[PDB]
Amino acid sequence: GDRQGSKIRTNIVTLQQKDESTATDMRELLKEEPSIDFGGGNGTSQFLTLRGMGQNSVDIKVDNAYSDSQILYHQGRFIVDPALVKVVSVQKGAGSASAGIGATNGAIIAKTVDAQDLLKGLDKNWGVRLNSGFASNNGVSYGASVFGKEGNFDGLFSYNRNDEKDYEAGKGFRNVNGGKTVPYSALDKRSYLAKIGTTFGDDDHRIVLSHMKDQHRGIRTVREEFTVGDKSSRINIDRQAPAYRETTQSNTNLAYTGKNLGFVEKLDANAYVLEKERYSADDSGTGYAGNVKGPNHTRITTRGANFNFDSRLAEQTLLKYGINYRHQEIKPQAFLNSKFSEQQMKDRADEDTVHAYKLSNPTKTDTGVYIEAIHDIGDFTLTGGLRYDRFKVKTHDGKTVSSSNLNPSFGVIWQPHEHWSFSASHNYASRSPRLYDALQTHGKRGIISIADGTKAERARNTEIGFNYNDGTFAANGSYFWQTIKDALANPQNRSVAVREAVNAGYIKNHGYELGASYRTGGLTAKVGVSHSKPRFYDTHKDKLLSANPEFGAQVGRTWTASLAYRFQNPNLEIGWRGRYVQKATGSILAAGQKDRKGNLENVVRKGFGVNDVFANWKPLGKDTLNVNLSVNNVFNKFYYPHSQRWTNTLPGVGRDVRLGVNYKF
Amino acid sequence: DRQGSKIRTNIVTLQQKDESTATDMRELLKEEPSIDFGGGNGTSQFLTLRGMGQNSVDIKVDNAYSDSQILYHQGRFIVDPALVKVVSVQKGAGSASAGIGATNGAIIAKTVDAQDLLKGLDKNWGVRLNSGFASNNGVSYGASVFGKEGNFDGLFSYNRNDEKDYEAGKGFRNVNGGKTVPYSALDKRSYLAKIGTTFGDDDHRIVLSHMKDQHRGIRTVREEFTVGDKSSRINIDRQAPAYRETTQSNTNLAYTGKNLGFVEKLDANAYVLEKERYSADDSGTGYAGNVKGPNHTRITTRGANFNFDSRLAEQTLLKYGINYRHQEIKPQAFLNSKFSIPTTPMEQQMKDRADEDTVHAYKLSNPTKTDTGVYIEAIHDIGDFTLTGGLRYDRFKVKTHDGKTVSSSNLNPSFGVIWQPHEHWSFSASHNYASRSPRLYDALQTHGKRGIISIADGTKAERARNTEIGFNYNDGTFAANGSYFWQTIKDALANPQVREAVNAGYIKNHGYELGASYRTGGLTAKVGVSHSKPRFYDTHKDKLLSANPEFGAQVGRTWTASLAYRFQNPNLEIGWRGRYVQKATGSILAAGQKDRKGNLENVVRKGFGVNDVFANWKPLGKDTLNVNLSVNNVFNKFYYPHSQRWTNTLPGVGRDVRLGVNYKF
Amino acid sequence: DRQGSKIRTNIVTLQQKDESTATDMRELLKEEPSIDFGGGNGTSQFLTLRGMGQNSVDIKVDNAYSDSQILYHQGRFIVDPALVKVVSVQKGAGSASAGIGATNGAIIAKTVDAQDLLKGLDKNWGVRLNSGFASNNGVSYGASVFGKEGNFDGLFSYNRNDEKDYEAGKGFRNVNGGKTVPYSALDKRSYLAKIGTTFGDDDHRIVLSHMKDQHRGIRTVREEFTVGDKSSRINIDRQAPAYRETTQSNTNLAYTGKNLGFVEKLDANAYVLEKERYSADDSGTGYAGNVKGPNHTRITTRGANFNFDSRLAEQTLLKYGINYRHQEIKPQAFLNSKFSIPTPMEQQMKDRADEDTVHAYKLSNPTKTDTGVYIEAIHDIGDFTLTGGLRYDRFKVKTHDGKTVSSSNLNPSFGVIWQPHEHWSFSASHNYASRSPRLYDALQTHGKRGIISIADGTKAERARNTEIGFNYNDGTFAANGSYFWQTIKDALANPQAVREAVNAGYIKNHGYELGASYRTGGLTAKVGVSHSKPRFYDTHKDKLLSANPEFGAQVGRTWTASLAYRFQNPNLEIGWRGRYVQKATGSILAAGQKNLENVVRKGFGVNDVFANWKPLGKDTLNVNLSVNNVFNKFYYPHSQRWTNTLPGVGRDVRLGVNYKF
Ligand SMILES: CCCCCCCCOCCOCCOCCOCCOCCO
Ligand SMILES: CCCCCCCCOCCOCCOCCOCCOCCO
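Residues numbered from 1 in each chain as written, not as in the entry; some residues may be left out. Chains lettered and ligands numbered in written order. Heavy atoms only, no water. Residues with missing side-chain atoms left out of burial classes, pairs and counts.

**Q** Break down the interface of chain A and chain C for me, with residues and values.
**A** Counting residues at the interface gives 17 residues for chain A and 18 residues for chain C. Interface area, chain A with chain C, both sides summed: about 1,500 Å², of which 61% is carbon and sulfur. Interface area lost by chain A to chain C is led by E150, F153 and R299 of chain A, which between them contribute 30%. For the pair chain A and chain C, the interface holds one salt bridge. With a shortest N-O distance of 3.1 Å, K618 of chain C and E150 of chain A are connected by a salt bridge. For the interface between chain A and chain C, the tally reads three residue pairs in polar contact. Of all elements in the fold, only β10 (187-200), β11 (205-220) and β13 (266-280) of chain A reach the threshold of two or more residues within the side of chain A that touches chain C. (Contact = heavy atoms within 4.5 Å. Buried area = accessible area lost by both parts, 1.4 Å probe. Salt bridge = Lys/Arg side-chain N within 4 Å of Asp/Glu carboxyl O. Polar contact = N/O pair within 3.5 Å; in protein donor to acceptor, adjacent residues only side chain to side chain. Helix = DSSP H or I, 4+ residues; strand = E, 2+ residues; numbered from the N terminus.)

**Q** I'd like to hear about the side chain of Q332 of chain C, residue by residue, with values.
**A** Locating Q332 of chain C in the fold gives a position in the loop between β15 (316-330) and α5 (345-360). Taking relative accessible area as the criterion, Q332 of chain C reaches 17% and is therefore assigned buried. Looking at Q332 of chain C, its side chain comes within polar contact range of the side chain of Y183 of chain B, at 3.2 Å. Contact partners of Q332 of chain C, with chain neighbours within four places excluded, come to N176, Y183 and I236 of chain B together with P294, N295 and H296 of chain C. (Buried < 20%, exposed > 50% of the residue type's maximum accessible area, 1.4 Å probe, protein only.)

**Q** Explain the UniProt feature "binding site: L-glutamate" (unreviewed entry) in chain A to me, and be specific about the residues and the numbers.
**A** Residue and element names in this part refer to chain A. Mapped onto the present numbering, the UniProt feature "binding site: L-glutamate" (unreviewed entry) falls on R217. With respect to the element layout, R217 can be found in strand β11. Here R217 falls in the partly exposed class, since its relative accessible area comes to 21%. Not counting residues within four places of it along the chain, the set of residues in contact with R217 comprises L187, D188, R190, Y244, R245 and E246. (UniProt positions renumbered as here; feature names shortened; annotations may be inferred.)

**Q** Give a detailed account of the pattern of salt bridges, specifying residues and quantitative values.
**A** Applying the stated criterion to the full structure yields 129 salt bridges over all chains. Two residues, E31 of chain B and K526 of chain B, come together in a salt bridge whose shortest N-O distance is 3.4 Å. We classify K526 of chain B as partly exposed; its relative accessible area is 28%. One connected set of salt bridges, linked through shared partners, spans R161, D163, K165, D188 and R190 of chain A together with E276 of chain B.

**Q** Can you tell me about the site of ligand 2, naming the residues and giving the values?
**A** Taken together, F133, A134, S135, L629, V657 and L659 of chain B together with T251, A270, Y271, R302, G303 and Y324 of chain C make up the full set of residues adjacent to ligand 2. Chains contributing residues near ligand 2 are chains B and C. Here an oxygen atom of ligand 2 and a backbone polar atom of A270 of chain C are 3.4 Å apart. Relative to its free-state accessible area of 720 Å², ligand 2 is covered by the protein chains to the extent of 69%. If you list the elements that add at least two residues to the shell around ligand 2, you get β7 (125-134) and β31 (656-664) of chain B together with β13 (263-279) and β14 (295-313) of chain C. A class-by-class count of the residues in the shell around ligand 2 yields eight nonpolar, three polar and one charged. (Near = heavy atom within 4 Å. Areas by Shrake-Rupley, 256 points an atom, 1.4 Å probe, with all protein chains shown as cover. Nonpolar A, V, L, I, M, F, W, Y, C, P; charged D, E, K, R; others polar.)

**Q** Tell me what's going on with the UniProt feature "short sequence motif: TonB C-terminal box" (unreviewed entry) in chain B, and back it up with residues and numbers.
**A** Here, the residues flagged by UniProt with the feature "short sequence motif: TonB C-terminal box" (unreviewed entry) are residues 648-665 of chain B. Helix makes up 0% of residues 648-665 of chain B and strand 50%. Its end C-alpha atoms lie 47 Å apart.

**Q** Can you explain the interface of chain B and chain C? Please cite residues and give values.
**A** Listed per partner, the contact involves 22 residues of chain B and 24 residues of chain C. Taken together, both faces of the contact between chain B and chain C bury some 2,000 Å²; the carbon and sulfur share is 59%. Area buried by chain B at its contact with chain C is led by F133, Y141 and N176 of chain B, which between them contribute 26% of it. Along the contact surface separating chain B from chain C lie two salt bridges. Ionic pairing is found between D162 of chain B and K212 of chain C, a salt bridge with its closest N-O pair at 3.7 Å. The interface formed by chain B and chain C includes six residue pairs in polar contact. Counting residues per element, the ones that place at least two in the side of chain B that touches chain C are β7, β8 (138-149), β9 (152-163) and β31 of chain B.

**Q** How would you sum up the site of ligand 1? Please name residues and give values.
**A** As a matter of local geometry, ligand 1 sits amid 18 residues, with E150, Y192 and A194 of chain A together with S131 and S140 of chain C nearest to it. Around ligand 1, the neighbouring residues derive from chains A and C rather than from a single chain. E150 of chain A is positioned such that a nitrogen or oxygen atom in its backbone is 3.0 Å from an oxygen atom of ligand 1. Residue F153 of chain A places a main-chain N or O atom 3.5 Å away from an oxygen atom belonging to ligand 1. Isolated, ligand 1 exposes 680 Å² of accessible area, and the fraction of that covered by the protein chains is 96%.

**Q** Break down the domain arrangement of chain A for me, with residues and values.
**A** All names here are of chain A. Each assigned domain of chain A is listed here: domain 1 (1-112) and domain 2 (113-665). One C-alpha centre belongs to domain 1, the other to domain 2; they are set 5 Å apart. Each partner contributes to the interface: domain 1 provides 79 residues, whereas domain 2 provides 132 residues. Taken together, both faces of the contact between domain 1 and domain 2 bury some 8,700 Å²; the carbon and sulfur share is 48%. (Domains from an automatic or database assignment.)

**Q** Describe in detail α5 of chain C, supporting the description with residues and values.
**A** All names here are of chain C. Here α5 spans 23 Å end to end across 16 residues, near enough to the 22 Å set by a 1.5 Å rise per residue. Buried within α5 we find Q348, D351, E355 and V358. For α5, the arc enclosing every buried residue in end-on projection is 80°, short of the 170-degree limit, so these residues lie on one face. For α5, exposure combined with an orientation more than 90 degrees from the buried face picks out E346, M349, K350, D356 and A360. Where α5 is buried, its residues contact β20 (451-454). (Expected span 1.5 Å × (residues − 1). Arc of directions from axis to C-beta.)

**Q** Please set out the nonpolar core residue by residue, giving values where relevant.
**A** Residues and elements named next belong to chain A. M26, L30, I36, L48 and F536 are the most contacted members of the largest nonpolar core, which totals 47 residues. Per-element accounting of this core gives the leading share, three residues, to strand β5 (residues 85-92). Lining this core are residues from two domains, each supplying at least three of them: domain 1 (1-112) and domain 2 (113-665). (Core = buried A, V, L, I, M, F, W, Y, C linked by side-chain atoms within 4.5 Å.)

**Q** Tell me about the side chain of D401 of chain C, residues and numbers included.
**A** Residue and element names in this part refer to chain C. On the secondary structure map, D401 appears in the loop between β17 (384-398) and β18 (404-421). No salt bridge is formed by the buried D401, whose closest oppositely charged neighbour, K403, lies at an N-O distance of 6.5 Å. At a separation of 3.1 Å, a polar atom in the side chain of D401 contacts the main-chain amide nitrogen of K403. A distance of 2.9 Å separates polar atoms of two side chains, one belonging to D401 and the other to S453. Leaving out residues up to four positions away in the same chain, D401 has contacts with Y361, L363, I451 and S453. (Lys, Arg positive; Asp, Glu negative; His and termini not counted.)

**Q** Describe in detail the domain arrangement of chain B, supporting the description with residues and values.
**A** All names here are of chain B. You can read the domains of chain B as domain 1 (1-111) and domain 2 (112-665). The straight-line distance from the C-alpha centre of domain 1 to that of domain 2 is 5 Å. Facing the 80 residues of domain 1 at the interface are 133 residues of domain 2. For the pair domain 1 and domain 2, the two sides together bury roughly 8,700 Å², of which 48% comes from carbon and sulfur. Put simply, domain 1 and domain 2 have 16 salt bridges between them. Here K6 and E468 are joined by a salt bridge, their closest N and O atoms 3.6 Å apart. For the pair domain 1 and domain 2, the number of links is 78 residue pairs in polar contact.

**Q** With reference to specific residues and values, describe a positive patch on the surface.
**A** On the surface, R234, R239, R596 and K597 of chain A cluster together into a positively charged patch. A residue is classified by how much of its surface remains accessible, and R596 of chain A, at 65% relative accessible area, is exposed. (Patch = residues over 30% accessible without salt bridge, like charges linked within 9 Å, V, L, I, M, F, W, Y side chains within 5 Å. Charge placed at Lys NZ, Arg CZ, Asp CG, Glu CD.)

**Q** Before we move on, can you summarise the sheet that holds strand β5 (residues 84-91) of chain B with the specific residues and values?
**A** Residue and element names in this part refer to chain B. If you trace the four strands from one edge of the open sheet to the other, you get β1-β5-β6-β4, paired in mixed fashion. The open sheet is flanked by β1 (7-12) and β4 (58-61), the only strands paired with a single partner. For this sheet the average axis-to-axis angle between neighbouring strands, irrespective of direction, equals 20°. Here four bridges tie β4 to strand β6 (residues 105-111), and the two strands are oriented parallel to one another. (Pairing = 2+ DSSP bridges. Axes fitted to C-alpha atoms, helices over the stretch in contact; angles between N-to-C directions.)

Next up, the structure:
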């Protein structure tokens with residue numbers, strides 16, 4: 001099983017569990033997980049943090065494809081729709097050698113659903129699955145899926161839609177027209193999956209071809225992390241200029257797995273193309289896009305491939321080795337550059353420089369080779385590995401800078417008794433600079449480059465853990481220490497017309513997680529707690545590190561608990577679930593954060609509890625029909641989650657009563 | 001049905017509807033002489049019952065209904081008959097169990113169910129496909145899947161009707177000199193999703209339902225008009241056509257329990273009904289505040305109804321229950337601050353300048369209206385008399401967009417007698433009181449850019465006093481019915497008095513309806529005639545009632561007739577149908593209506609007659625396959641219907657040849 | 001087929017199309033040397049046949065076709081092959097039964113039917129799913145449901161093809177220095193709805209059918225160009241991209257009765273064809289009158305055809321029938337009143353009197369009515385088949401000023417086929433046909449730029465097409481050849497404040513086509529070449545004929561070939577396909593196009609490799625892999641303007657799957 005205490009949590013959500021839930025986003029789906037925290041709002045209003053660390057350092061992997069770029073820092077990076085997914089797992093902090101590219105701070109890892117998963121409940125080779133959803137606060141959802149198998153072939157198509165209105169925050173929230181809803185938080189969210197696959201050669205070989213699309217549309221504000229405030233605020237209707245928007249994530253993926261190949265005992269490979277888009281119907285009121293009148297379209301394309309081989313050197317020792325490749329390219333619609341604008345000469349001088357550049361699409365190439373030995377001796381499992389990682393960054397001025405890193409990793413698990421493991425690991429990993437914001441790449445605000453020696457961030461993550469499980473009771477614990485050198489955030493002047501990415505500091509993180517469960521005769525009891533302390537230490541004279549929630553947030557210590565009971569007759573689980581986040585204090589920046597004026601901020605944030613009760617009934621006895629009812633945020637709590645800025649941005653959803661149905665025939 | 005012609009239950013049956021070629025209520029209910037629809041597609045249409053408009057008459061689907069509107073230049077939304085299984089009608093003030101607002105009657109529809117679709121089939125699941133062509137000018141299709149497992153049942157239906165600009169009858173010429181009515185094309189879609197359980201000896205049922213009904217296309221600001229000459233008020237610039245979606249959605253939870261002791265039967269309903277207007281650009285829409293780019297306007301209607309039947313004795317039933325409805329209108333944004341009165345002269349701009357300040361100073365909230373009623377009704381059979389007594393207590397509460405709140409309440413008695421002396425005869429009389437609360441202002445004007453719309457301090461509900469008599473003859477071959485009615489309605493409200501909603505006068509209506517039918521060996525013959533005379537008497541100094549079609553129309557005496565013959569081999573029915581409306585004369589306003597420049601309008605409306613031939617064949621003898629052929633408006637008559645404005649707005653559909661197949665397996 | 005190469009029936013089969021990865025006609029018909037398509041996506045494309053453009057060549061689906069256009073800066077709409085079950089081609093002037101306007105030929109397509117989809121299945125209903133992936137750069141999918149109960153049948157197909165800006169071949173650079181062609185992305189959707197009945201000993205059939213084909217995306221004013229440098233006439237401002245939908249719809253009622261006695265066969269068709277352009281904002285569109293906000297422009301085409309075959313004797317068939325078509329263009333609004341000539345004085349005064357006249361016109365939707373009656377006798381004697389025919393064609397044009405002008409024509413046709421041996425045919429035909437004036441551009445009909453009328457005597461174009469051919473086929477080897485000569489009198493192009501459609505010259509064309517094939521046990525080899533020479537000759541003093549690609553292009557001599565092997569086990573065909581077009585020279589204008597242009601168009605080759613696999617052996621599952629333009633060749637095709645408009649798609653790797661159950 002999982003034996004690194006709490007640092008690798010495999011299959012946190014299973015498809016069969018997910019079908020008993022009423023959630024239609026990751027935020028509600030992973031709320032029992034204390035180290036994970038989502039900001040408020042719909043879609044890409046949301047930021048995610050893991051052990052306090054943001055999506056600058058934590059990735060969401062679906063079918064083993066992931067970008068590390070972003071569209072705009074006033075919104076978070078795209079979070080996949082769980083309707084597509086069959087499993088979610090998590091890996092925290094710096095990973096081992098087989099972990100892939102950029103594993104400094106960890107990842108949400110998801111696999112899309114397959115034909116065999118959907119056929120599960122049925123006694124035949126094809127099937128249909130319908131679902132619908134109703135939410136009082138305030139949405140409607142449905143989907144369908146058709147799937148099957150003939151000879152050595154299988155396939156599926158799933159369409160899902162979730163049409164969500166402006167959500168009502170908890171009690172006491174008032175929106176400036178004096179309503180209870182959060183302006184421009186409506187989103188029409190659609191996804192599809194198309195898969196075809198073949199399994200051949202004694203079932204030891206499989207090729208799967210997959211296309212996924214995940215899309216959000218609606219009238220959204222420039223800056224999705226805020227709504228519209230009072231006309232006297234910086235977040236008023238004019239500055240925030242809502243306009244129709246679509247933001248999309250698409251992935252075509254080819255995947256192969258072979259087993260018992262003689263020359264190797266298992267091989268996994270993946271080649272994909274991931275597209276991230278922003279489309280806006282009018283960008284006149286969008287400063288960041290260069291105020292581009294009418295439709296505007298921004299792309300990020302990610303091409304990747306991974307190969308992974310497992311070779312057995314002896315009954316007790318496995319050798320994993322492989323290679324990762326990823327290329328990312330950002331495409332503005334048009335470069336804007338030529339439009340960039342008593343001793344101002346120095347400025348006309350600057351003006352003439354920007355105009356003089358001829359800009360190209362920025363790219364970034366990451367590649368890595370790795371080996372890992374996993375050796376079992378006595379009731380110890382020892383893991384040794386190494387990665388060699390290089391990147392190359394070509395910014396929009398054509399400037400190219402690369403570097404490379406050698407990253408060792410060591411891990412021990414000890415399992416003395418059959419109910420016990422204990423763990424320790426010491427993992428190094430590196431993470432290449434990120435390209436600037438895709439939406440700002442047109443270069444209208446000046447040129448964004450990279451300094452000559454700039455290098456990758458490099459993490460040294462040490463941690464210990466234990467797992468207990470005796471079949472009734474379970475528990476796990478993790479303590480971790482993280483240092484990351486050469487952190488990069490905002491660019492340095494070389495006057496503010498031309499700037500360069502630079503290493504600018506270091507990062508500390510440390511903390512703990514506990515979890516326990518109790519299982520008997522239909523009763524399922526659970527508790528968990530997590531606290532961590534991300535800190536960003538400026539090292540550069542112009543202090544360029546950032547408290548942008550993308551990097552992290554100092555989240556309150558977080559408790560979660562659940563209590564559920566499953567009746568033998570009728571087949572019905574009812575239960576309660578709560579999440580309590582304590583009061584939090586302090587910026588992620590050790591020197592503190594400022595305020596557009598430049599003034600110290602006394603970052604404080606309130607604790608709050610959210611409580612939910614739910615029910616799953618299975619009127620037919622099988623998992624072919626699920627009727628689910630939930631009432632989330634029972635007490636209609638008014639609150640702001642912690643992973644976002646601390647000023648009063650976007651509250652949690654007020655109370656919400658949901659009825660979902662899925663049905664398989 | 002024994003109130004002569006005042007309650008017509010099941011005017012349209014599903015099995016009849018499958019033999020028809022109609023795709024809207026207007027064509028479906030054309031044999032009904034008291035019902036009249038204005039010209040044009042979708043919400044261009046106004047409906048009148050006994051000459052009374054959608055201000056006083058509601059369409060109820062699954063016992064959910066709003067009384068609000070989007071904009072007075074269009075009619076209120078008329079459900080797609082593709083969704084429905086039955087249509088019924090109740091005219092004038094209803095009895096106590098009728099629900100909220102029953103002063104003038106209602107079209108009442110129920111959506112289709114699993115058991116209705118399984119009708120023709122000898123199994124527990126099925127599919128239904130349909131297809132339609134219309135020469136003038138459209139194409140339609142749909143599919144439906146439905147079934148039953150254990151105590152469960154469900155269905156999904158999709159229907160689409162893609163209609164082009166229609167050609168009017170002969171001699172119509174459109175201003176480019178074409179024969180089609182500009183911007184009358186609509187792409188009309190509907191869905192139904194339902195899931196239900198029947199349990200407990202078949203005496204209990206819970207059904208959960210979602211319906212969506214949507215029209216899209218390039219439509220004019222003001223759908224009651226097309227585009228006229230560039231010299232008219234209805235020219236291309238003023239009418240500024242643009243893409244639009246207008247939508248009716250309902251999620252509905254319905255419960256019925258039977259044989260529960262003291263309660264012989266219980267019916268209950270809780271629902272959320274959404275009405276929406278979406279426009280892709282509202283720059284040329286004055287009424288929306290000339291809002292540039294996309295614009296959404298919402299009306300949300302939450303309701304619940306509970307209804308109990310208790311049996312006090314074998315001949316007496318007691319009905320009692322409670323109705324609750326909350327309506328809330330949501331503009332996309334209040335506009336308030338941009339209130340502006342042009343100079344254009346005149347030299348009394350003074351007070352203007354003042355009013356401009358008045359208006360910018362408000363803070364506006366979404367208007368709401370809450371209606372609630374408790375009622376009791378006894379139905380007593382003695383000798384060959386059936387007596388009905390009832391009472392309703394109704395209250396409302398109106399919160400306008402300035403936050404002002406005004407309520408009132410009413411106690412509404414109702415008495416009804418049916419006498420059935422012979423088995424072929426009934427005679428009837430009723431004396432029914434009912435009330436109807438003020439309507440909220442137009443949803444699309446709620447933003448307040450044209451000024452503040454409030455409600456005066458003592459304003460109260462309209463109150464109807466409807467007396468009527470009737471008879472029903474039926475001997476198995478020959479049938480007939482007749483109704484005479486008289487209607488007084490006190491405290492009529494129309495245009496506001498910052499302006500406020502006030503009571504401004506009273507309404508009269510009287511008239512009659514006769515019908516008769518003749519059925520014997522294959523032949524079926526029918527006739528019907530109806531005439532009413534709605535009159536609106538001003539009481540206020542500013543004359544404040546309105547000749548808007550919403551309120552009503554003086555419609556010509558209307559005759560309908562049909563003759564059809566069902567052959568036995570093939571199973572084929574061929575028939576003629578005709579509808580003839582005589583010339584009508586006045587305004588609905590007793591003192592006369594005035595034309596923009598304030599002059600009295602000499603309201604005159606031509607008579608016309610429309611003839612239709614149709615055929616229904618059943619190639620297999622069962623009802624599981626219908627092939628329907630029709631030609632409507634055979635003589636390609638050019639005319640204007642009466643329920644709309646009298647100037648020449650939107651003509652009837654010219655001649656139209658239609659083919660429709662439905663098939664169920 | 002026995003007219004050498006002039007009539008190619010069933011060039012594309014449904015069964016073949018299912019093994020292909022192509023999602024447009026251009027890639028589907030690339031092995032056809034006489035057909036050439038311009039560069040770009042959707043209506044950026046021009047078609048030529050024997051060097052003749054869409055001004056004279058039609059696309060007929062289910063025997064319905066318009067001859068009107070939206071705007072001359074884009075080509076006429078080309079149907080999506082996802083709808084079709086067959087494509088066929090008829091070149092030059094047709095015989096009498098060919099329909100209206102058959103001066104220069106037509107691509108001919110039939111939409112798919114229930115029986116075609118049921119093909120591989122052993123039951124009365126079925127589903128078909130498909131998906132596509134394209135590296136450069138798109139994704140596609142669709143679904144179809146279909147069946148049969150008693151005497152009746154029906155189908156619904158939906159198809160969608162979401163295409164990104166395409167990357168051109170190597171060395172192309174776009175002005176932001178990318179490799180993609182700006183605004184060449186299109187979201188392309190089609191659906192088909194059909195219901196039919198077959199009755200009366202299977203000798204009678206009625207089919208009702210509705211089809212819609214639609215392209216949407218951000219597109220430029222003038223789709224034949226992208227966006228060039230800000231110093232060019234094709235810069236971002238002039239080209240003002242904006243959201244656009246362009247749509248072809250057809251509702252069709254079709255009847256066929258057989259062996260009805262005297263009448264051996266009857267085919268009839270009555271249909272309504274809609275062509276539509278919708279734009280979200282036309283402010284930067286000069287041609288639409290700079291109409292602010294949404295704008296939509298329509299062309300409606302109502303037609304009917306009736307065709308009878310009567311057998312006068314075992315050896316002689318008589319065909320006769322009648323063709324009717326009405327076309328009406330509808331602007332959103334006439335604009336007429338705002339005509340304005342920019343500000344010498346002596347011309348100014350003329351100018352200001354001009355706008356007064358324009359402003360006095362009250363304008364109506366232009367219409368055109370075409371009708372024709374025909375008879376053809378087909379007579380078989382010895383090993384000769386002789387064909388004699390006659391058409392009488394009239395038209396009536398009502399332009400936007402209400403002016404009406406008609407003419408009529410009597411068009412004879414003669415054809416001989418001689419089949420001396422069973423492996424041999426030889427052919428000749430001498431066919432006259434006429435083609436009525438086309439209405440001005442739909443999108444310009446508003447008349448803001450002035451009034452567009454028709455001169456008093458103007459008449460139809462009239463083609464005299466003579467040609468010879470041969471067909472060899474012995475079961476293993478096959479070859480065909482065609483030579484043709486075309487003269488067309490009274491060509492019309494550009495108008496003579498108030499301007500007038502006129503006859504302004506003539507057109508000549510000649511050339512050849514040759515094909516050859518070789519088929520032996522799984523192996524299939526094919527080659528072809530085609531060369532033609534369209535030439536427009538001004539007759540009018542103001543030189544009025546046009547070099548726009550609508551009318552044609554001097555394409556380079558074109559070679560195609562392919563080589564494929566089909567293995568028995570697995571059921572896999574792999575092959576190669578080439579299309580090389582030689583360098584070209586010259587205008588279609590005999591006197592040259594203008595400031596005189598020396599027209600030169602470079603040659604190029606395109607190579608593709610492809611595989612089709614049937615993992616189940618039935619035709620119910622096809623897995624398709626192709627790589628088109630393997631060597632990533634950078635080029636401009638010839639059926640477009642010679643300047644450097646829109647290049648060939650670069651290299652593109654595709655996988656497509658269809659499955660039937
Ligand atoms: C618009 C983007 C969203 C749609 C996603 C689909 C796009 C196309 O993707 C291609 C990937 O292939 C999926 C294969 O599905 C087609 C084959 O159907 C299944 C037949 O195989 C079952 C064999 O028993
Ligand atoms: C200018 C006039 C000529 C126009 C002709 C165009 C006609 C358009 O045809 C297609 C649309 O048809 C829709 C109406 O459907 C009529 C159905 O009649 C068919 C009878 O079939 C009997 C079944 O046994």
